[PDB]
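Structure first, commentary second.
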Amino acid sequence: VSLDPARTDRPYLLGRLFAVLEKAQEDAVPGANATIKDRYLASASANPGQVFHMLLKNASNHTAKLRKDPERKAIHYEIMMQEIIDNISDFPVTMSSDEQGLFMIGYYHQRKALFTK
Amino acid sequence: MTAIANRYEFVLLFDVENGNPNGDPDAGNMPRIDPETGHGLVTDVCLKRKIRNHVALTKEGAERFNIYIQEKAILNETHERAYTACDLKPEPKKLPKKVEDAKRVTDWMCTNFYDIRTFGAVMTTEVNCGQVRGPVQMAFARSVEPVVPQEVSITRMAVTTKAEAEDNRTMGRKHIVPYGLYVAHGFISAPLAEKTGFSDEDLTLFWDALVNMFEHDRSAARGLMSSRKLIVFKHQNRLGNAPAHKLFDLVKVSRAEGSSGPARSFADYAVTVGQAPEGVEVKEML
Amino acid sequence: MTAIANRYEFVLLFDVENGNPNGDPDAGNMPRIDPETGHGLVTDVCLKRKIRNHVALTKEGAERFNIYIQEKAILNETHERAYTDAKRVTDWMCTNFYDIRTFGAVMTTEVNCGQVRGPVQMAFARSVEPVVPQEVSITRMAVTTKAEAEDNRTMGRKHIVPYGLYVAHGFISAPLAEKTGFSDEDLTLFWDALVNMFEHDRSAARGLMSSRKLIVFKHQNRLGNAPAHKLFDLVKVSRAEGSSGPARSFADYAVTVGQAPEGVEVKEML
Amino acid sequence: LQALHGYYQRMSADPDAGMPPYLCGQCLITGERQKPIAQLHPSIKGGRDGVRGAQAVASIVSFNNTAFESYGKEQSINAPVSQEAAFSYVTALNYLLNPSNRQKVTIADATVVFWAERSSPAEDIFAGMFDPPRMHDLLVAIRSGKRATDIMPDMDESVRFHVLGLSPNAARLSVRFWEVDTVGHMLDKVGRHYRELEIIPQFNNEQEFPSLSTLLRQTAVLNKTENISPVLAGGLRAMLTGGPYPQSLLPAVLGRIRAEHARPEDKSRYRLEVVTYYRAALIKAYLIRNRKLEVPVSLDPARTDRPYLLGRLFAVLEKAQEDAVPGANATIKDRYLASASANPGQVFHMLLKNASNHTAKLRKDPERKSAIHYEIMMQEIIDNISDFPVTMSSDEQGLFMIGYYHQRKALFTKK
Amino acid sequence: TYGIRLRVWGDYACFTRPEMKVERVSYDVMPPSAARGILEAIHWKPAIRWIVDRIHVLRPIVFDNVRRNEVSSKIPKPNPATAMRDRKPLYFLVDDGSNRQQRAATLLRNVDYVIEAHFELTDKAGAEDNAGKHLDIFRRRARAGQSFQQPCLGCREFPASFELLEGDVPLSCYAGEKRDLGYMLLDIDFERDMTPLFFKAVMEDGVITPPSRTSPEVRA
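Protein chains in written order, with the entry's author numbering: chain J, 1 to 73, 76 to 119; chain C, 1 to 166, 171 to 290; chain B, 1 to 84, 101 to 166, 171 to 290; chain I, 3 to 24, 180 to 290, 325 to 427, 429 to 561, 563 to 608; chain A, 8 to 227.
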């Protein structure tokens, strides 16, 4: 897999977390005019520790919405969040240019995986 | 005007905060950068221009202190001034056939215009006033850490010509460096100073200008720019006692111990000046 | 006559920061780069000119250290001559002009062709690794002619090498010195100039150029003690382990000299 | 040159298309001993009607200055050729320089004159073969590796061919390059050159065989025949000797791409491109020859080189920009191409964030899902890259440029 | 057995053609003259004449262009006495107008040669001067890397690295090719008022064998 699940890397893990959060929102409220990739990517990559907490609250609400229905995809997204945050010891105050590039590539890697069968 | 007698090197530190310190004519107007490493650049030409502006503002055209490159001057009309003041008819496209008159016209150009006396000039164009090398030199300023230029889009609620677009406003953009610390070296040459007439008065004015360079350069695109250090290395003789690079190296620019993340103020940087060689004295007091 | 006693080799390493070390008259004044390897290139005569200028400034026309081949950046205030079948004139030229004594010269006429060699010899200085010059666009305030005032601004261009470390080889042949009186005082002044070449050469174009290292292989014999090409091999100028990407300061390069054969010494002047 | 001498001896035989007009030493032209040496050689035609750029009175041999004089010899005794030879070579050169004859072409600053050792149709072909306008069929054939005989049976390829390049130095003119290969061999070499240069056209008005002058002009400081680096003009000797192109070529085209921007003064619908057809062709030639790489004629999405994938990614981001903000006077290709290609790790984060904003705007607008397609392409390109490298080599930059050109062309009207 | 086999190589070389000295053009291969010069740079005395038997061209012929600013004139002769009868500055200013000269060059790159040569005693040789002695001295210097001066590929800007070949000569790129290079500079006969003398340089298998520079039938 081009996605490297064994890459315990802080910006990479945050990017994967962003991708799974976006997928969770897309499943909870499909087809909206804007995704969190479209809303919060700026702040998310600017000061991650300042916004990833509220992104996680929103993703928790989305997964709760998913959990009510038989389409409990919700367990996969929640276990993914658990696995990714397990490897993170603390959110960074700021990320450099290379860390932000790593963030973007990790997000795009994880997004590709979730769409795949 | 007696010439200076000492070889001088200097290090200039200056700031930029939400400003375009120097625009690149090629990248639209983006701040000049080293594309292969991201460090910002300021052409020595820009700093020379700010020095020239300082000279003109503080002396206001006093004798011996005019400047040669101005916002609307015509160089040939200025050279004809030298030819007239030397009583020579301006030889068409050429120097005067007498070498002594050529020297006199060139010296009148040097002895009057401050920036010709300082930075030198290439005046061999049409009416020919000769050449000057300039006792004073300075290299490209280069940031101590890579800068991240960001692009700011703005709008105007009025339009110049007859237009019907305003359906959305007229878009324009500014490029700005969020912050960056620039280290600009420089050099002062006694041997050439003697040949030009660069006196200690001039030199004083020079350091003055350097310290006060940016204070009058405020504009809507410049942001907040300031001079932070002017570490001058005075050699005790005509020809220096220490290699240049060996003195620049005494000036160490690092990031403060308690500073993390992108730099956004001078306080993020720790500046240390070492012990100079016994033939040199340091006047970091500037 | 006195002369230096040993053949010398030297490897001079100098570097340029945001400057045009040596322009190419055949490429619009862009800094030279070698077509076969992409290395930056600096002609020897470019360096010899710097040595000449530096010695002219430093020795200011002393008795035995005047310079023949000047450029119009000189002063005429003080002078003096040594004043010691055509050998007389030749050795008079050698004994008081430092550059004719050191690099050699040619005189207009002789029954012979009029050649003077001098002991010192040096080759094209080429970059340690390829350089990629950058074109810098600059603009001026005023206009030069009244015609082009018909609002008013002109755009020029400047070519710069962001950084590059140049290795300049050179050879000093003692037997040539013996025919030209190149003595140890001249040799020490010569090391001084090579170390200090670029100190007085500041100008708008060249930026910051400096001589970073000067290794000198001093031989025992009047001739050499090992082949020069094999001596130059010991100066392994390679990149510091901690640096990747383009080199932008001398700290990016690590240079070391191996053990030269027992018959030849080594000294790091810088 | 004695080649010139032989050419005079050739053309002088015929009473038309030529002319039969007529101390001692060894003639270096001929090799005959004890012949009358010329003290002052006859002049060569300069100016626009001769060797362009030089003064009307041009010369090969010229010892006017004391520096160049050697072994006690004076004005032309240094360069000893018999009077006859002196006349001969000069005359042949002049006849080749007369533009009425088709044996001449002007490249950058130098004027090229060529001939075959005996009458052959090559002399009528080579005039256009390195300045292309049957000839097109021949060019396609030799680019395919087919022998010239299959299109011109009268082409005796065993005939030796000569090419000469003269550059002006005021009154002095200099030899820049010289080839004496056989017609077949160098024709095959030119075929290989055109094969390497081959790239899909950007706009269907660009020619199939880019004239070497057009290739050089595109690296000029202002895209005009002046400001062509004479050394690069001479280096592109590499075209018909078959060797590697000068190593200064790739940094030159990359420098143009850095310092260029889309001028809308062409007054067409399109704002002028930054990676033009010709610059991409030169980059492809450099990557094929000097670096031995593999480069396709069109896009090959079945590829896994990170530089190529980053070039494609840059192209799709640029397309997304130009769709989000139509008609704008500037694009990332004007500013961030130079630093994207040379230092991806520092800039691709901001380019991707800006592309995210562009797709955001596009999603709500019409084109409500090309907003999706570009993101799918970003997925499929980013999927193959492990990290953005801190820096990229010059040839890695070349591959970036080729990938950008390919992915841009394959996306003009995909959607 | 009796003879020499010296190898020389270097990045640059410029063996300027006599008919193109003003705007340098290089011979495709090192002329015997250059060879001789190289050989004399290692060891030479008035008593001995160097002769070049064969010149091998190992690396392929490659060309390059370099342009340099240059001086137009040889420095004039002062008279030592009148030079000081009235103290005066003496100099040659490269920036004084006409002084400045531009001079292109068509020079080789990455050369590699093997020079086969042998000695010959001059008529002014000493009675005790053994040719074997000088053979031994030259071989010693070549093996040890010693030299009078660094040999140069034509011009002083172009130093030549050298080694002595005790084994069989290596093969050239042109091992199975033949090539007529035309008439090129053999030598300079300094006895006969310093005219050039030329030979037909027919390269074959990458090796050039010129006639003896001392041949009465070559010389006037």
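Note that beta-carbon positions come from the ideal geometry of N, C-alpha and C, so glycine has one too.
Residue range of the unbroken beta strand (DSSP E) whose run includes residue i
i, result
"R156(C)", "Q150 to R156"
"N18(C)", "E17 to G19"
"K250(C)", "Note, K250(C): premise wrong, no beta strand (DSSP E); alpha helix (DSSP H) at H249 to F252."
"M571(I)", "That residue, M571(I), is in no beta strand (DSSP E); its alpha helix (DSSP H) goes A564 to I575."
"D27(J)", "Where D27(J) is concerned, there is no enclosing beta strand (DSSP E), although the alpha helix (DSSP H) it sits in stretches over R10 to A28."
"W211(C)", "It is not in any beta strand (DSSP E) - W211(C) instead sits in the alpha helix (DSSP H) that spans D204 to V215."
"residue 251(A)", "Residue 251(A) lies beyond the stretch modelled for chain A, which goes from 8 to 227, so this question has no answer here."
Boundaries of the alpha helix (DSSP H) in which residue i is found, first to last residue
i, result
"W108(C)", "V99 to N112"
"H78(J)", "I77 to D88"
"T584(I)", "Neither: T584(I) is in no alpha helix (DSSP H) and is coded neither H nor E."
"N61(J)", "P48 to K68"
"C46(B)", "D44 to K59"
"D212(A)", "Looking at the DSSP string, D212(A) is not in any alpha helix (DSSP H), and its letter there is neither H nor E."
Any C-beta of chain I under 9 Å from that of residue i
i, result
"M30(B)", "yes"
"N72(A)", "yes"
"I33(B)", "yes"
"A24(J)", "no"
"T37(C)", "yes"
"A225(C)", "no"
"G103(J)", "yes"
"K81(A)", "yes"
Residue i at chain J interface by Cβ criterion, 9 Å
i, result
"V148(C)", "yes"
"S264(C)", "yes"
"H541(I)", "yes"
Proximity test, Cβ basis, 9 Å: residue i and chain A
i, result
"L364(I)", "yes"
"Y8(B)", "no"
"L185(I)", "yes"
"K103(B)", "no"
"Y228(I)", "yes"
Integer-rounded CB distance, given that residue j should sit under 8 Å from residue i
i, j, result
"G229(I)", "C129(B)", "7 Å"
"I69(B)", "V136(B)", "Incorrect: roughly 14 Å between the Cβ atoms, too far for contact."
"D526(I)", "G28(C)", "6 Å"
Min CB distance residue i to chain C below 9 Å
i, result
"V55(B)", "no"
"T63(J)", "no"
"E452(I)", "yes"
"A158(B)", "yes"
"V95(J)", "yes"
"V152(B)", "yes"
Beta carbon proximity, residue i to chain B, threshold 9 Å
i, result
"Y528(I)", "no"
"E100(C)", "no"
Margin query: Any contact between the stretch 189-206 of chain I and the stretch 265-275 of chain I? By contact I mean 3 or more CB pairs, one from each, below 8 Å.
Written below: no
Check: Counting pairs of beta carbons, one from the stretch 3-18 of chain B and one from the stretch 201-215 of chain B, are three or more of them closer than 8 Å?
Finding: yes
Margin query: Just to confirm the assignment: which complete alpha helix (DSSP H) runs, minimum length 4, are found wholly within the stretch 366-401 of chain I?
Written below: Qualifying alpha helix (DSSP H) stretches, in chain order: 374-388.
Next item on the list: State whether the stretch 27-47 of chain C contacts the stretch 527-544 of chain I, with contact taken as three or more CB pairs (one from each stretch) at a distance under 8 Å.
Entry: yes
Checklist line | Sufficient close CB pairs (3 or more, under 8 Å) joining the stretch 186-196 of chain A to the stretch 31-41 of chain A | finding: yes
Note to self: Three or more C-beta pairs under 8 Å: does that hold for the stretch 144-151 of chain B against the stretch 63-82 of chain C?
What the structure shows: no
Notebook entry, point to check: Is the stretch 216-227 of chain C touching the stretch 109-123 of chain B in the sense that three or more CB pairs, one from each, lie closer than 8 Å?
Noted result: no
Check: Using 8 Å as the threshold, is the stretch 361-379 of chain I in touch with the stretch 404-419 of chain I, meaning 3 or more CB pairs across them?
Finding: no
Note to self: Give the list of continuous alpha helix (DSSP H) stretches no shorter than 4 residues that lie fully inside the stretch 121-197 of chain A.
What the structure shows: 138-151
Margin query: Which complete alpha helix (DSSP H) runs does the stretch 240-281 of chain C hold, if anything under 4 residues is left out?
Written below: Taken in chain order, the complete alpha helix (DSSP H) segments of 4 residues or longer contained in the stretch 240-281 of chain C are 249-252.
Notebook entry, point to check: Counting Cβ pairs, one atom from each stretch, are 3 or more of them under 8 Å apart for the stretch 328-342 of chain I and the stretch 353-366 of chain I?
Noted result: no
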